file query-v3.pdb (PDB, C-alpha atoms)
ATOM      1  CA  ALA A   1     -29.300   4.598 -20.393  1.00  0.00           C
ATOM      2  CA  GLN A   2     -26.460   2.305 -21.407  1.00  0.00           C
ATOM      3  CA  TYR A   3     -24.269   2.854 -18.355  1.00  0.00           C
ATOM      4  CA  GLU A   4     -26.384   3.300 -15.216  1.00  0.00           C
ATOM      5  CA  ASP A   5     -25.411   3.659 -11.577  1.00  0.00           C
ATOM      6  CA  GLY A   6     -26.131   0.478  -9.619  1.00  0.00           C
ATOM      7  CA  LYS A   7     -25.716  -1.530 -12.815  1.00  0.00           C
ATOM      8  CA  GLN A   8     -22.131  -1.678 -14.140  1.00  0.00           C
ATOM      9  CA  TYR A   9     -20.878   0.565 -11.384  1.00  0.00           C
ATOM     10  CA  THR A  10     -22.005   1.916  -8.034  1.00  0.00           C
ATOM     11  CA  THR A  11     -21.424   5.419  -6.736  1.00  0.00           C
ATOM     12  CA  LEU A  12     -19.778   6.041  -3.387  1.00  0.00           C
ATOM     13  CA  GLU A  13     -22.033   8.104  -1.178  1.00  0.00           C
ATOM     14  CA  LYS A  14     -18.891   9.014   0.714  1.00  0.00           C
ATOM     15  CA  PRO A  15     -16.577  10.202  -2.117  1.00  0.00           C
ATOM     16  CA  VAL A  16     -12.832  10.141  -1.542  1.00  0.00           C
ATOM     17  CA  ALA A  17     -10.654  13.200  -2.179  1.00  0.00           C
ATOM     18  CA  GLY A  18      -7.118  12.948  -3.592  1.00  0.00           C
ATOM     19  CA  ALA A  19      -7.638   9.339  -4.636  1.00  0.00           C
ATOM     20  CA  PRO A  20      -5.550   7.663  -7.322  1.00  0.00           C
ATOM     21  CA  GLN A  21      -7.179   7.889 -10.740  1.00  0.00           C
ATOM     22  CA  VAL A  22      -7.673   4.145 -11.222  1.00  0.00           C
ATOM     23  CA  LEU A  23      -7.386   2.181  -7.948  1.00  0.00           C
ATOM     24  CA  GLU A  24      -7.395  -1.624  -7.850  1.00  0.00           C
ATOM     25  CA  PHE A  25      -7.572  -3.831  -4.718  1.00  0.00           C
ATOM     26  CA  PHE A  26      -6.696  -7.493  -4.482  1.00  0.00           C
ATOM     27  CA  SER A  27      -5.412 -10.332  -2.318  1.00  0.00           C
ATOM     28  CA  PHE A  28      -3.225 -13.297  -3.247  1.00  0.00           C
ATOM     29  CA  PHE A  29      -5.834 -15.298  -1.244  1.00  0.00           C
ATOM     30  CA  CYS A  30      -8.653 -13.988  -3.437  1.00  0.00           C
ATOM     31  CA  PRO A  31      -9.830 -16.597  -6.062  1.00  0.00           C
ATOM     32  CA  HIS A  32     -11.475 -14.123  -8.445  1.00  0.00           C
ATOM     33  CA  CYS A  33      -8.323 -12.024  -8.158  1.00  0.00           C
ATOM     34  CA  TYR A  34      -6.415 -15.047  -9.380  1.00  0.00           C
ATOM     35  CA  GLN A  35      -8.774 -15.201 -12.353  1.00  0.00           C
ATOM     36  CA  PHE A  36      -8.472 -11.395 -12.879  1.00  0.00           C
ATOM     37  CA  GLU A  37      -4.729 -11.823 -13.076  1.00  0.00           C
ATOM     38  CA  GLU A  38      -4.009 -15.177 -14.744  1.00  0.00           C
ATOM     39  CA  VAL A  39      -7.042 -15.694 -16.973  1.00  0.00           C
ATOM     40  CA  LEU A  40      -8.604 -12.317 -17.738  1.00  0.00           C
ATOM     41  CA  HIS A  41      -5.657  -9.896 -17.466  1.00  0.00           C
ATOM     42  CA  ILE A  42      -8.055  -7.178 -16.286  1.00  0.00           C
ATOM     43  CA  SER A  43      -5.425  -4.626 -15.149  1.00  0.00           C
ATOM     44  CA  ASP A  44      -3.751  -4.928 -18.474  1.00  0.00           C
ATOM     45  CA  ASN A  45      -6.785  -4.638 -20.728  1.00  0.00           C
ATOM     46  CA  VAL A  46      -7.911  -1.604 -18.758  1.00  0.00           C
ATOM     47  CA  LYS A  47      -4.561   0.148 -19.321  1.00  0.00           C
ATOM     48  CA  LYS A  48      -4.898  -0.552 -23.053  1.00  0.00           C
ATOM     49  CA  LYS A  49      -8.109   1.487 -23.093  1.00  0.00           C
ATOM     50  CA  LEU A  50      -7.248   4.195 -20.575  1.00  0.00           C
ATOM     51  CA  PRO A  51      -6.386   7.693 -21.923  1.00  0.00           C
ATOM     52  CA  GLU A  52      -3.086   9.473 -22.073  1.00  0.00           C
ATOM     53  CA  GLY A  53      -2.068  10.616 -18.618  1.00  0.00           C
ATOM     54  CA  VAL A  54      -3.839   8.110 -16.422  1.00  0.00           C
ATOM     55  CA  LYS A  55      -1.812   6.277 -13.810  1.00  0.00           C
ATOM     56  CA  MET A  56      -2.838   2.938 -12.525  1.00  0.00           C
ATOM     57  CA  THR A  57      -2.602   1.890  -8.879  1.00  0.00           C
ATOM     58  CA  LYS A  58      -2.887  -1.590  -7.424  1.00  0.00           C
ATOM     59  CA  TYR A  59      -2.929  -2.407  -3.706  1.00  0.00           C
ATOM     60  CA  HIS A  60      -3.031  -5.608  -1.605  1.00  0.00           C
ATOM     61  CA  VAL A  61      -5.432  -6.018   1.344  1.00  0.00           C
ATOM     62  CA  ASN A  62      -5.124  -7.480   4.828  1.00  0.00           C
ATOM     63  CA  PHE A  63      -8.575  -8.896   5.454  1.00  0.00           C
ATOM     64  CA  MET A  64      -7.917 -12.309   3.899  1.00  0.00           C
ATOM     65  CA  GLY A  65      -5.586 -15.010   5.196  1.00  0.00           C
ATOM     66  CA  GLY A  66      -4.835 -13.585   8.624  1.00  0.00           C
ATOM     67  CA  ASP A  67      -1.178 -13.276   9.476  1.00  0.00           C
ATOM     68  CA  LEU A  68       0.020 -14.288   6.032  1.00  0.00           C
ATOM     69  CA  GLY A  69      -2.416 -11.830   4.530  1.00  0.00           C
ATOM     70  CA  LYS A  70      -0.568  -9.073   6.348  1.00  0.00           C
ATOM     71  CA  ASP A  71       2.787 -10.565   5.380  1.00  0.00           C
ATOM     72  CA  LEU A  72       1.607 -10.410   1.814  1.00  0.00           C
ATOM     73  CA  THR A  73       0.675  -6.698   1.973  1.00  0.00           C
ATOM     74  CA  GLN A  74       4.155  -5.875   3.273  1.00  0.00           C
ATOM     75  CA  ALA A  75       5.626  -8.070   0.495  1.00  0.00           C
ATOM     76  CA  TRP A  76       3.600  -6.285  -2.130  1.00  0.00           C
ATOM     77  CA  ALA A  77       4.987  -3.034  -0.692  1.00  0.00           C
ATOM     78  CA  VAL A  78       8.487  -4.495  -1.216  1.00  0.00           C
ATOM     79  CA  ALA A  79       7.471  -5.377  -4.777  1.00  0.00           C
ATOM     80  CA  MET A  80       6.216  -1.812  -5.419  1.00  0.00           C
ATOM     81  CA  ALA A  81       9.337  -0.261  -3.905  1.00  0.00           C
ATOM     82  CA  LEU A  82      11.655  -2.453  -6.004  1.00  0.00           C
ATOM     83  CA  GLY A  83       9.486  -2.236  -9.109  1.00  0.00           C
ATOM     84  CA  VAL A  84       9.249  -5.985  -9.394  1.00  0.00           C
ATOM     85  CA  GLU A  85       5.457  -6.401  -9.431  1.00  0.00           C
ATOM     86  CA  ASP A  86       5.540  -8.080 -12.817  1.00  0.00           C
ATOM     87  CA  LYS A  87       7.960 -10.718 -11.639  1.00  0.00           C
ATOM     88  CA  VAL A  88       6.359 -11.861  -8.416  1.00  0.00           C
ATOM     89  CA  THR A  89       2.646 -11.487  -9.019  1.00  0.00           C
ATOM     90  CA  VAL A  90       2.238 -14.817 -10.812  1.00  0.00           C
ATOM     91  CA  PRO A  91       4.417 -17.044  -8.529  1.00  0.00           C
ATOM     92  CA  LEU A  92       2.773 -15.457  -5.488  1.00  0.00           C
ATOM     93  CA  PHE A  93      -0.752 -16.305  -6.733  1.00  0.00           C
ATOM     94  CA  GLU A  94       0.285 -19.801  -7.706  1.00  0.00           C
ATOM     95  CA  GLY A  95       2.230 -20.333  -4.493  1.00  0.00           C
ATOM     96  CA  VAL A  96      -0.757 -19.339  -2.405  1.00  0.00           C
ATOM     97  CA  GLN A  97      -3.653 -20.787  -4.450  1.00  0.00           C
ATOM     98  CA  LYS A  98      -2.288 -23.397  -6.871  1.00  0.00           C
ATOM     99  CA  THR A  99       0.635 -25.241  -5.306  1.00  0.00           C
ATOM    100  CA  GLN A 100       0.088 -23.989  -1.761  1.00  0.00           C
ATOM    101  CA  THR A 101       3.761 -23.794  -1.073  1.00  0.00           C
ATOM    102  CA  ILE A 102       3.518 -20.357   0.517  1.00  0.00           C
ATOM    103  CA  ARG A 103       2.866 -20.772   4.219  1.00  0.00           C
ATOM    104  CA  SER A 104       5.202 -18.353   5.930  1.00  0.00           C
ATOM    105  CA  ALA A 105       6.966 -15.035   5.341  1.00  0.00           C
ATOM    106  CA  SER A 106      10.053 -17.044   4.460  1.00  0.00           C
ATOM    107  CA  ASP A 107       8.254 -18.823   1.623  1.00  0.00           C
ATOM    108  CA  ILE A 108       7.119 -15.441   0.307  1.00  0.00           C
ATOM    109  CA  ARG A 109      10.738 -14.342   0.400  1.00  0.00           C
ATOM    110  CA  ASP A 110      11.750 -17.467  -1.610  1.00  0.00           C
ATOM    111  CA  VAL A 111       9.489 -16.354  -4.428  1.00  0.00           C
ATOM    112  CA  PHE A 112      11.426 -13.067  -4.609  1.00  0.00           C
ATOM    113  CA  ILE A 113      14.824 -14.845  -4.481  1.00  0.00           C
ATOM    114  CA  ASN A 114      13.735 -17.239  -7.221  1.00  0.00           C
ATOM    115  CA  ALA A 115      12.442 -14.260  -9.212  1.00  0.00           C
ATOM    116  CA  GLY A 116      15.986 -12.892  -9.065  1.00  0.00           C
ATOM    117  CA  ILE A 117      15.789 -10.263  -6.350  1.00  0.00           C
ATOM    118  CA  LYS A 118      18.835 -10.550  -4.070  1.00  0.00           C
ATOM    119  CA  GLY A 119      18.480 -11.598  -0.434  1.00  0.00           C
ATOM    120  CA  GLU A 120      20.236  -8.513   0.925  1.00  0.00           C
ATOM    121  CA  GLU A 121      17.993  -6.370  -1.239  1.00  0.00           C
ATOM    122  CA  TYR A 122      14.750  -8.024  -0.229  1.00  0.00           C
ATOM    123  CA  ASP A 123      15.499  -7.988   3.496  1.00  0.00           C
ATOM    124  CA  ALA A 124      16.626  -4.329   3.394  1.00  0.00           C
ATOM    125  CA  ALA A 125      13.458  -3.295   1.594  1.00  0.00           C
ATOM    126  CA  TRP A 126      11.308  -5.525   3.876  1.00  0.00           C
ATOM    127  CA  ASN A 127      12.633  -3.684   6.903  1.00  0.00           C
ATOM    128  CA  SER A 128      12.710  -0.125   5.543  1.00  0.00           C
ATOM    129  CA  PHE A 129      10.519   2.823   6.572  1.00  0.00           C
ATOM    130  CA  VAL A 130       9.762   3.441   2.908  1.00  0.00           C
ATOM    131  CA  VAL A 131       8.086   0.034   2.832  1.00  0.00           C
ATOM    132  CA  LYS A 132       6.314   0.856   6.120  1.00  0.00           C
ATOM    133  CA  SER A 133       4.618   3.951   4.689  1.00  0.00           C
ATOM    134  CA  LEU A 134       3.826   2.032   1.476  1.00  0.00           C
ATOM    135  CA  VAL A 135       2.059  -0.542   3.713  1.00  0.00           C
ATOM    136  CA  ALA A 136       0.355   2.475   5.383  1.00  0.00           C
ATOM    137  CA  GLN A 137      -0.831   3.817   2.019  1.00  0.00           C
ATOM    138  CA  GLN A 138      -2.325   0.500   0.991  1.00  0.00           C
ATOM    139  CA  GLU A 139      -4.158   0.279   4.267  1.00  0.00           C
ATOM    140  CA  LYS A 140      -5.247   3.952   4.186  1.00  0.00           C
ATOM    141  CA  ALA A 141      -6.666   3.562   0.674  1.00  0.00           C
ATOM    142  CA  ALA A 142      -8.642   0.433   1.628  1.00  0.00           C
ATOM    143  CA  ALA A 143      -9.812   2.249   4.741  1.00  0.00           C
ATOM    144  CA  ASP A 144     -11.081   5.286   2.797  1.00  0.00           C
ATOM    145  CA  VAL A 145     -13.655   3.251   0.823  1.00  0.00           C
ATOM    146  CA  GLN A 146     -14.448   0.933   3.766  1.00  0.00           C
ATOM    147  CA  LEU A 147     -13.370  -2.064   1.755  1.00  0.00           C
ATOM    148  CA  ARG A 148     -14.895  -5.442   2.636  1.00  0.00           C
ATOM    149  CA  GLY A 149     -14.446  -7.114  -0.734  1.00  0.00           C
ATOM    150  CA  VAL A 150     -11.912  -7.871  -3.446  1.00  0.00           C
ATOM    151  CA  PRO A 151     -11.327  -7.711  -6.348  1.00  0.00           C
ATOM    152  CA  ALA A 152     -12.287  -4.092  -6.357  1.00  0.00           C
ATOM    153  CA  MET A 153     -11.660  -1.164  -8.595  1.00  0.00           C
ATOM    154  CA  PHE A 154     -12.406   2.484  -7.953  1.00  0.00           C
ATOM    155  CA  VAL A 155     -12.214   5.357 -10.457  1.00  0.00           C
ATOM    156  CA  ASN A 156     -11.306   8.917  -9.322  1.00  0.00           C
ATOM    157  CA  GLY A 157     -12.352   8.143  -5.777  1.00  0.00           C
ATOM    158  CA  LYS A 158     -16.075   8.113  -6.659  1.00  0.00           C
ATOM    159  CA  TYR A 159     -16.996   5.079  -8.750  1.00  0.00           C
ATOM    160  CA  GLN A 160     -16.783   1.402  -7.928  1.00  0.00           C
ATOM    161  CA  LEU A 161     -16.851  -1.242 -10.672  1.00  0.00           C
ATOM    162  CA  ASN A 162     -19.796  -3.653 -10.350  1.00  0.00           C
ATOM    163  CA  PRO A 163     -18.745  -6.775 -12.265  1.00  0.00           C
ATOM    164  CA  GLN A 164     -21.837  -8.698 -11.011  1.00  0.00           C
ATOM    165  CA  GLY A 165     -23.886  -6.641 -13.456  1.00  0.00           C
ATOM    166  CA  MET A 166     -21.905  -7.642 -16.577  1.00  0.00           C
ATOM    167  CA  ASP A 167     -22.303 -11.047 -18.191  1.00  0.00           C
ATOM    168  CA  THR A 168     -19.843 -13.905 -17.895  1.00  0.00           C
ATOM    169  CA  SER A 169     -20.985 -16.205 -20.723  1.00  0.00           C
ATOM    170  CA  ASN A 170     -17.885 -15.146 -22.655  1.00  0.00           C
ATOM    171  CA  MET A 171     -14.655 -14.254 -20.858  1.00  0.00           C
ATOM    172  CA  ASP A 172     -13.421 -11.831 -23.505  1.00  0.00           C
ATOM    173  CA  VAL A 173     -16.707  -9.980 -23.612  1.00  0.00           C
ATOM    174  CA  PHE A 174     -16.624  -9.635 -19.824  1.00  0.00           C
ATOM    175  CA  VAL A 175     -13.134  -8.117 -19.935  1.00  0.00           C
ATOM    176  CA  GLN A 176     -13.928  -5.557 -22.662  1.00  0.00           C
ATOM    177  CA  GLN A 177     -17.133  -4.529 -20.947  1.00  0.00           C
ATOM    178  CA  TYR A 178     -15.209  -4.109 -17.746  1.00  0.00           C
ATOM    179  CA  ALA A 179     -12.500  -2.025 -19.417  1.00  0.00           C
ATOM    180  CA  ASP A 180     -14.972   0.066 -21.401  1.00  0.00           C
ATOM    181  CA  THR A 181     -16.758   0.810 -18.154  1.00  0.00           C
ATOM    182  CA  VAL A 182     -13.501   1.956 -16.563  1.00  0.00           C
ATOM    183  CA  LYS A 183     -13.010   4.132 -19.657  1.00  0.00           C
ATOM    184  CA  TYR A 184     -16.523   5.609 -19.372  1.00  0.00           C
ATOM    185  CA  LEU A 185     -16.080   6.337 -15.676  1.00  0.00           C
ATOM    186  CA  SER A 186     -12.699   7.864 -16.396  1.00  0.00           C
ATOM    187  CA  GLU A 187     -14.116  10.469 -18.788  1.00  0.00           C
ATOM    188  CA  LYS A 188     -16.924  11.359 -16.415  1.00  0.00           C
TER
END
call {"tool": "encode", "arguments": {"input": "query-v3.pdb", "output": "C-alpha cells"}}
result
Amino acid sequence: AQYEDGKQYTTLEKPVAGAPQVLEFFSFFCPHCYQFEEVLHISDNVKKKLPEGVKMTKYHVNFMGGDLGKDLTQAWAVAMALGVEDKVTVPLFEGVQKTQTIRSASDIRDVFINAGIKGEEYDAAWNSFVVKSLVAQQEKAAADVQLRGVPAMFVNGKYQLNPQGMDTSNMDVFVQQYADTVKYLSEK
C-alpha cells in the first residue's frame, strides 16, 4: 500500500481512550524539536491540512534536562493557561539550545517578562492549582503512551508518527509527507 503500519506510522498495541485528536510531545531540550519548531514548522503545516473540527494539542515532557526539564513543563503549563504559547516558544528554545542563557526557573521567568507577560501574572499562574492540573495532564498524556522519545505525535490515541520512515533529502518534502500522514491517520 502507500501508507503502511510500521512505515510512516506505527500502531499502538495499547490504544488510548479519550485522547486528544492530534497530540504532540516535545521538550525545549530536544534538538529535533527545535528543528520541528524553528525550521520545519511541523505543528503549523499539519494544522493547515487538518479538517474542520480538529483540535491540536501540544505538551512538554519531563524526561530531558532533569530539574530544569520539570521547570519547563510547569512553564509550558503557565504558557497554555495564559494563552501565550506563540510568544514564548521561540525564546525558550533559543534560550535553552542556542544562547544557553536559560539555566534556572528564574531565567525561564525572564523570557515571559521579556515577552510581555507581567511578573504578578506569571507568578500567580506559576503557583496556581489550574497550572498544577495542567502539569498533571501533560504528564498523564505522556504516561498513557509510555513515552520515551520526543518529538512525538499521536493521532486519536492509536497512531504514532514514524518520521524515520520518510525521507529527509528535501526539508519541504519531509514536512508535507509528515502532514499528509497526519491527515491520512485523521480520516482513518
call {"tool": "resolve_selection", "arguments": {"input": "query-v3.pdb", "expression": "the PyMOL selection byres ((chain A and resi 51) around 12)", "output": "PDB file with C-alpha atoms, in the frame of the given file"}}
result
ATOM      1  CA  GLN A  21      -7.179   7.889 -10.740  1.00  0.00           C
ATOM      2  CA  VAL A  22      -7.673   4.145 -11.222  1.00  0.00           C
ATOM      3  CA  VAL A  46      -7.911  -1.604 -18.758  1.00  0.00           C
ATOM      4  CA  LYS A  47      -4.561   0.148 -19.321  1.00  0.00           C
ATOM      5  CA  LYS A  48      -4.898  -0.552 -23.053  1.00  0.00           C
ATOM      6  CA  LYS A  49      -8.109   1.487 -23.093  1.00  0.00           C
ATOM      7  CA  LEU A  50      -7.248   4.195 -20.575  1.00  0.00           C
ATOM      8  CA  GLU A  52      -3.086   9.473 -22.073  1.00  0.00           C
ATOM      9  CA  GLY A  53      -2.068  10.616 -18.618  1.00  0.00           C
ATOM     10  CA  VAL A  54      -3.839   8.110 -16.422  1.00  0.00           C
ATOM     11  CA  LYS A  55      -1.812   6.277 -13.810  1.00  0.00           C
ATOM     12  CA  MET A  56      -2.838   2.938 -12.525  1.00  0.00           C
ATOM     13  CA  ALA A 179     -12.500  -2.025 -19.417  1.00  0.00           C
ATOM     14  CA  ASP A 180     -14.972   0.066 -21.401  1.00  0.00           C
ATOM     15  CA  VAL A 182     -13.501   1.956 -16.563  1.00  0.00           C
ATOM     16  CA  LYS A 183     -13.010   4.132 -19.657  1.00  0.00           C
ATOM     17  CA  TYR A 184     -16.523   5.609 -19.372  1.00  0.00           C
ATOM     18  CA  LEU A 185     -16.080   6.337 -15.676  1.00  0.00           C
ATOM     19  CA  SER A 186     -12.699   7.864 -16.396  1.00  0.00           C
ATOM     20  CA  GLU A 187     -14.116  10.469 -18.788  1.00  0.00           C
TER      21      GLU A 187
END
call {"tool": "closest_atom_pairs", "arguments": {"input": "query-v3.pdb", "of": "region 18-71 of chain A", "to": "region 161-174 of chain A", "cutoff": "10 Å", "atoms": "all atoms listed in the file", "output": "tab-separated table"}}
result
residue	atom	partner	partner_atom	distance
A:24	CA	A:161	CA	9.9
A:39	CA	A:171	CA	8.7
A:40	CA	A:171	CA	7.1
A:42	CA	A:174	CA	9.6
call {"tool": "closest_residue", "arguments": {"input": "query-v3.pdb", "among": "A:104, A:2, A:35, A:57", "to": "residue 138 (chain A)", "atoms": "all atoms listed in the file"}}
result
A:57
call {"tool": "closest_residue", "arguments": {"input": "query-v3.pdb", "among": "A:3, A:34, A:63, A:122", "to": "residue 78 (chain A)", "atoms": "only C-alpha atoms"}}
result
A:122
call {"tool": "closest_residue", "arguments": {"input": "query-v3.pdb", "among": "A:82, A:75, A:130, A:64", "to": "residue 108 (chain A)", "atoms": "all atoms listed in the file"}}
result
A:75
call {"tool": "residues_around", "arguments": {"input": "query-v3.pdb", "residues": "region 86-102 of chain A", "least_positions_apart": "3", "cutoff": "12 Å", "atoms": "only C-alpha atoms", "output": "NGL selection string"}}
result
:A and (26-39 or 41 or 43-44 or 58-60 or 64-65 or 68-69 or 71-73 or 75-80 or 82-83 or 105-117)
call {"tool": "closest_residue", "arguments": {"input": "query-v3.pdb", "among": "A:45, A:62, A:20, A:6", "to": "residue 143 (chain A)", "atoms": "all atoms listed in the file"}}
result
A:62
call {"tool": "closest_residue", "arguments": {"input": "query-v3.pdb", "among": "A:133, A:81, A:121, A:141", "to": "residue 153 (chain A)", "atoms": "all atoms listed in the file"}}
result
A:141
call {"tool": "closest_residue", "arguments": {"input": "query-v3.pdb", "among": "A:17, A:23, A:120, A:7", "to": "residue 142 (chain A)", "atoms": "only C-alpha atoms"}}
result
A:23
call {"tool": "atom_distance", "arguments": {"input": "query-v3.pdb", "atom1": "CA of residue 103 (chain A)", "atom2": "CA of residue 140 (chain A)"}}
result
26.0 Å
call {"tool": "build_atoms", "arguments": {"input": "query-v3.pdb", "residues": "region 143-168 of chain A", "atoms": "N, CA and C atoms", "output": "CSV table (one decimal), in the frame of the given file"}}
result
chain,number,residue,atom,x,y,z
A,143,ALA,N,-9.0,1.6,3.7
A,143,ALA,CA,-9.8,2.2,4.7
A,143,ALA,C,-10.7,3.4,4.2
A,144,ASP,N,-10.3,4.2,3.3
A,144,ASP,CA,-11.1,5.3,2.8
A,144,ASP,C,-12.4,4.9,2.1
A,145,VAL,N,-12.4,3.7,1.5
A,145,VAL,CA,-13.7,3.3,0.8
A,145,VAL,C,-14.4,2.2,1.7
A,146,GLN,N,-14.0,2.0,2.9
A,146,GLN,CA,-14.4,0.9,3.8
A,146,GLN,C,-14.6,-0.4,3.0
A,147,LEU,N,-13.4,-0.9,2.6
A,147,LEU,CA,-13.4,-2.1,1.8
A,147,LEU,C,-13.6,-3.4,2.5
A,148,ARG,N,-14.6,-4.1,2.1
A,148,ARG,CA,-14.9,-5.4,2.6
A,148,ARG,C,-14.8,-6.5,1.5
A,149,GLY,N,-14.5,-6.1,0.3
A,149,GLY,CA,-14.4,-7.1,-0.7
A,149,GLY,C,-13.4,-6.8,-1.8
A,150,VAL,N,-12.8,-7.9,-2.3
A,150,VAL,CA,-11.9,-7.9,-3.4
A,150,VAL,C,-12.3,-9.0,-4.4
A,151,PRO,N,-12.0,-8.9,-5.7
A,151,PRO,CA,-11.3,-7.7,-6.3
A,151,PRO,C,-12.2,-6.5,-6.4
A,152,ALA,N,-11.6,-5.3,-6.5
A,152,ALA,CA,-12.3,-4.1,-6.4
A,152,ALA,C,-11.5,-3.1,-7.2
A,153,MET,N,-12.3,-2.3,-7.9
A,153,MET,CA,-11.7,-1.2,-8.6
A,153,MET,C,-12.5,0.1,-8.4
A,154,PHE,N,-11.8,1.2,-8.2
A,154,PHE,CA,-12.4,2.5,-8.0
A,154,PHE,C,-11.8,3.5,-9.0
A,155,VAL,N,-12.7,4.3,-9.5
A,155,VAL,CA,-12.2,5.4,-10.5
A,155,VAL,C,-12.4,6.8,-9.9
A,156,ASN,N,-11.3,7.5,-9.8
A,156,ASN,CA,-11.3,8.9,-9.3
A,156,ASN,C,-12.0,9.1,-8.0
A,157,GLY,N,-11.8,8.1,-7.1
A,157,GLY,CA,-12.4,8.1,-5.8
A,157,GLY,C,-13.9,8.3,-5.7
A,158,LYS,N,-14.6,8.0,-6.7
A,158,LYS,CA,-16.1,8.1,-6.7
A,158,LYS,C,-16.9,7.0,-7.3
A,159,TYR,N,-16.2,6.2,-8.1
A,159,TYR,CA,-17.0,5.1,-8.8
A,159,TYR,C,-16.4,3.7,-8.5
A,160,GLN,N,-17.2,2.7,-8.2
A,160,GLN,CA,-16.8,1.4,-7.9
A,160,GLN,C,-17.3,0.5,-9.0
A,161,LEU,N,-16.5,-0.3,-9.6
A,161,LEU,CA,-16.9,-1.2,-10.7
A,161,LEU,C,-17.8,-2.3,-10.1
A,162,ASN,N,-18.9,-2.6,-10.8
A,162,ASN,CA,-19.8,-3.7,-10.4
A,162,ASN,C,-19.9,-4.8,-11.3
A,163,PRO,N,-18.8,-5.7,-11.3
A,163,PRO,CA,-18.7,-6.8,-12.3
A,163,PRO,C,-19.9,-7.8,-12.2
A,164,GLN,N,-20.6,-7.9,-11.1
A,164,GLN,CA,-21.8,-8.7,-11.0
A,164,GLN,C,-22.9,-8.4,-12.1
A,165,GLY,N,-22.9,-7.1,-12.4
A,165,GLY,CA,-23.9,-6.6,-13.5
A,165,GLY,C,-23.3,-6.6,-14.9
A,166,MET,N,-22.4,-7.5,-15.2
A,166,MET,CA,-21.9,-7.6,-16.6
A,166,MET,C,-22.0,-9.1,-16.8
A,167,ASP,N,-22.1,-9.6,-18.1
A,167,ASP,CA,-22.3,-11.0,-18.2
A,167,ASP,C,-21.0,-11.8,-18.5
A,168,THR,N,-21.0,-13.0,-17.9
A,168,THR,CA,-19.8,-13.9,-17.9
A,168,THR,C,-20.0,-15.2,-18.7
